[PDB]
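Residue numbers (the authors' numbering), protein chains in the order written: chain G, 2 to 86; chain F, 2 to 86; chain E, 2 to 86; chain H, 2 to 86; chain C, 113 to 194; chain B, 113 to 194; chain D, 113 to 194; chain A, 113 to 194. Remarks on the structure that follows.
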Amino acid sequence: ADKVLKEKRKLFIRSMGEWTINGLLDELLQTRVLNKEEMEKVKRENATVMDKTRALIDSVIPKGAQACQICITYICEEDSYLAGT
Amino acid sequence: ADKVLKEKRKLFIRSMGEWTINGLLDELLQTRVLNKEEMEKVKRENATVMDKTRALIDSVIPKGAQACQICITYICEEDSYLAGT
Amino acid sequence: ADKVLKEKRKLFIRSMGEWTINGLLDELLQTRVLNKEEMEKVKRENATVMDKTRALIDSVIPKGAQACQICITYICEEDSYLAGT
Amino acid sequence: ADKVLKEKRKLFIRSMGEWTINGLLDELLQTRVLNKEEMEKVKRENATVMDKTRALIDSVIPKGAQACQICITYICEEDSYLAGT
Amino acid sequence: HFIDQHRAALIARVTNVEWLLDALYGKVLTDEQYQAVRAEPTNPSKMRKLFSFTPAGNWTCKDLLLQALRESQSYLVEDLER
Amino acid sequence: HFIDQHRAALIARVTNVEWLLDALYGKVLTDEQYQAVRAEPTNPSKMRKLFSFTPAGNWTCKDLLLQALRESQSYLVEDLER
Amino acid sequence: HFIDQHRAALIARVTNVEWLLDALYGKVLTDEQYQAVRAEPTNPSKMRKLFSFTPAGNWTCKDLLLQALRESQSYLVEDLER
Amino acid sequence: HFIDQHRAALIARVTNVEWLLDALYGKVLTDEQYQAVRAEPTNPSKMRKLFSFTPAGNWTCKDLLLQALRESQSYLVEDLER
């Protein structure tokens, strides 16, 4: 389940927008998964919304992806367009 | 014709504005040259007009005969002080 | 004279105001010590409250040592409460 | 005489943030602590108030006989809750 | 074999490497490849490292690249057929 | 140590090498080593150079590194315990 | 020879690398070289990569650079005369 | 002898190897040497390769380096005199 979340795809997560990404980073900070630094690193360095999203995808937290059901559950809270919700 | 267009066209794309740039992006997107994301990347580039132009010109780099031509023909319907003959 | 003019009054010019800044960059373009390009970037891209200053401070690197006199004389048009003006 | 004040307060500057950061580094420019080029190099780095701070901290290798300290006095003119600890 | 011919072309032409990079993640490019290619300053150099990271003669990887090119800009394929 | 067991994971996993680098400064390595580790493009390669500076027989520095890991990313460490 | 003499100033004096870039792109800089120079963080480093592309024996490229400097900033050029 | 007295310190103390390089390019350093020194990632190692190119009896280059050091930071120059 976790492994599938770790792969799924990117192109499908790439087909997102603002008003989800912002709320995702808010929760990932507050759930202590990434510190202020990664929040700053994603929001400041990675300007391109896509680049930003690929950066959160680098916060797949490799074999730390039991926290990524925080991401999946946030996807469940909102409109899930992915087949692998 | 094709090779001549671009060197001479960086040459003259330094004489322009944002009305132009805004419209340019709409047509270059709809003429299937590049995705929404690259259009978004150029619009969210940390410059005003100038480096955004060099960015559009980085979209004419892979451009073929027709890819320069769609840009130049879009230039045609305005005052081409760019000397687009 | 010119070297001294940059040497100081930087933290002091950092406590300047948009009124003077707005007028200043218009005339620096007019006096051609400043190019169209950099003034165009600095006004929007850089921070409004502060980076506005650091912009003309990007003239401090000799974009005109004679322009140091042009800057100080423009400062003389209003209240030159800073030392050396 | 000042090295330890940061040798033991290094990571502390990983919490120092805000436009106090720019200000922290544009005083060092006035004095010979940072060159224009080094100031440019730190500003052209793209972290929000993180790598910035580590860049200035890379400029503490210089015996900060009056350098390390000139930073400390700027820290004193700000509410240094880290110093207060 | 079209691909090898535009193995030369695209290293000097395409500028959307970061998006194509997706088409190969895990398919062909592990994270060791991915980060390396991303760290390169220019799109030409990014492609240069990328194509040295796909030395596989497998048609699958080539075909995935072509599909990526078709879905990215859709122009280069005609422009290189000439 | 688990860290010695799981270093292969660590090189490929921990995406905040720079934070860890901060803790290992004045306490573990010489700043020439700081700059060295920071230089290579990828986080995997950054960690690779880091572990080459860190003596495996130096247990003391390893403890501080573990605490740093716990305070840096704080989720990967528990997934490594699992 | 004037530019070669004063490059130590110019690398750290003139800021507007992008304007200068245009003329050189036409004559000497290929697109890959353009991107390379642009990717560098500081105007000093941008010029440093530019002069590494510039052949020392070529008067033409030097002359084009000077004309570029004159048409970008001739007030640096006047401070160079002084 | 100022350099031979402080070589270890300043190899590891000054950061702006590239700035120092400018003066040397003009007098002594050819372009090949410039590029060589620049290609080192870490500033201590970059200075190490610089001083490996200039460890001879040439006083002019040594003397101009001192003035360069005085014009570089103006802080470490006094701190090493003390």
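Positions of the beta carbon are idealized from the N, C-alpha and C atoms, including for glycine.
Problem set entry | Proximity to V43(G) [Cα-Cα], best of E144(B), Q179(B), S164(B) and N128(B) | Ranked by Cα distance from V43(G), the options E144(B), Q179(B), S164(B) and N128(B) are led by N128(B).
Problem set entry | Interface flag, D27(E) vs chain D, CB-CB below 8 Å | Closer than 8 Å to the CB of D27(E) there is not a single CB belonging to chain D.
For this session: Tell whether a beta-carbon distance below 8 Å holds between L132(C) and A180(C).
Result: Contact: yes.
Exercise. The segment 173-190 of chain D: which residues have C-beta closer than 9 Å to a C-beta of chain E, in chain order?
Worked result: For the segment 173-190 of chain D, the set of positions with a beta-carbon nearer than 9 Å to some beta-carbon of chain E reads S184, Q185, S186, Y187, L188 and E190 in chain order.
Exercise. Cα separation between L26(G) and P153(D)?
Worked result: Their Cα atoms are separated by approximately 28 Å.
Exercise. What do you reckon, are the CB atoms on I123(A) and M159(A) nearer than 8 Å?
Worked result: In this structure, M159(A) lies closer than 8 Å to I123(A) by Cβ.
Exercise. Below 8 Å, can you find three or more Cβ-Cβ pairs linking the segment 52-65 of chain G to the segment 181-194 of chain B?
Worked result: At 8 Å Cβ cutoff, the stretches touch.
Exercise. Are the segment 26-42 of chain H and the segment 69-78 of chain E touching by the rule of at least three beta carbon pairs closer than 8 Å?
Worked result: With a cut-off of 8 Å, the segment 69-78 of chain E and the segment 26-42 of chain H do not count as touching, because too few Cβ pairs lie within range.
Problem set entry | Strand pairing of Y137(C), partner residues [DSSP] | Partner(s): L141(C).
For this session: Determine which residues of the segment 27-57 of chain H have a Cβ less than 7 Å from any Cβ of chain G, and write them out in chain order.
Result: Listed in chain order, the positions of the segment 27-57 of chain H with a beta carbon within less than 7 Å of a beta carbon of chain G are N47, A48, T49 and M51.
For this session: Can you give me, in chain order, the residues of the segment 4-20 of chain H that have a beta carbon less than 8 Å from any beta carbon in chain B?
Result: Along the segment 4-20 of chain H, going in chain order, the ones with a CB nearer than 8 Å to a CB of chain B are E8, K9, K11, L12 and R15.
Exercise. Leaving out five residues before and five after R119(A) in sequence, what residues of the same chain have Cβ atoms less than 7 Å from its Cβ?
Worked result: Closer than 7 Å at Cβ, skipping near neighbours: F163.
For this session: Using 10 angstroms around the beta-carbon of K4(F), count the other beta-carbons present and answer buried if the total reaches 16, otherwise exposed.
Result: Within 10 angstroms of the beta-carbon of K4(F) lie fewer than 16 other beta-carbons, which makes it exposed.
Problem set entry | alpha helix (DSSP H) runs wholly inside the segment 7-79 of chain G, at least 4 long, in chain order | Within the segment 7-79 of chain G, the complete alpha helix (DSSP H) runs of at least 4 residues are 22-31, 37-41, 50-58 and 69-78.
For this session: Could you tell me which of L12(G), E46(G), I76(G) and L6(G) sits nearest to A135(C), measuring between CA atoms?
Result: Of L12(G), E46(G), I76(G) and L6(G), the residue nearest in Cα terms is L12(G).
For this session: Might you give, ordered along the chain, the residues of its own chain that have their beta carbon closer than 8 Å to the beta carbon of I76(E), omitting 5 neighbours on each side?
Result: Around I76(E): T21, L83 and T86.
Problem set entry | Assigned secondary structure, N155(D) (DSSP; H/G/I helix, E/B strand, else coil) | Three-state result, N155(D): helix.
Problem set entry | Under the three-state DSSP convention, the category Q117(D) falls into | If DSSP states are grouped into helix, strand and coil, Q117(D) belongs with the helices.
Exercise. If we call anything under 8 Å between Cβ atoms a contact, is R33(H) one with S186(A)?
Worked result: The answer is yes: Cβ separation under 8 Å.
Exercise. In chain order, what residues of the same chain have a beta carbon less than 7 Å from the beta carbon of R125(C), not counting five sequence neighbours either side?
Worked result: For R125(C), where only same-chain residues beyond five positions count, the Cβ hits under 7 Å are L188.
Exercise. In chain order, what residues of the segment 147-161 of chain B put their CB closer than 7 Å to some CB of chain K?
Worked result: Structure shown: chain K not included; protein chains present are G, F, E, H, C, B, D and A.
Exercise. From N36(F) to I58(F), what distance separates their C-alpha atoms?
Worked result: Taking the Cα positions, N36(F) is about 15 Å away from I58(F).
For this session: Counting only the same chain and skipping the five closest in sequence on each side, list residues whose C-beta sits under 7 Å from that of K161(A).
Result: These residues qualify, in order along the chain: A148, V149 and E152.
For this session: If I'm right that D143(A) touches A168(D) with Cβ under 8 Å, what's the distance once you round it to whole angstroms?
Result: That pair is a contact at about 7 Å.
Exercise. With C-beta atoms as the reference, is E130(D) less than 8 Å away from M17(F)?
Worked result: Not in contact: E130(D) and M17(F) (Cβ atoms no closer than 8 Å).
Problem set entry | is_contact[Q70(G), chain B] using C-beta, thresh 8 Å | No, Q70(G) does not count as interfacial toward chain B.
Exercise. What span of residues does the alpha helix (DSSP H) with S186(A) cover, start to end?
Worked result: Where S186(A) is concerned, there is no enclosing alpha helix (DSSP H), given that its DSSP letter is neither H nor E.
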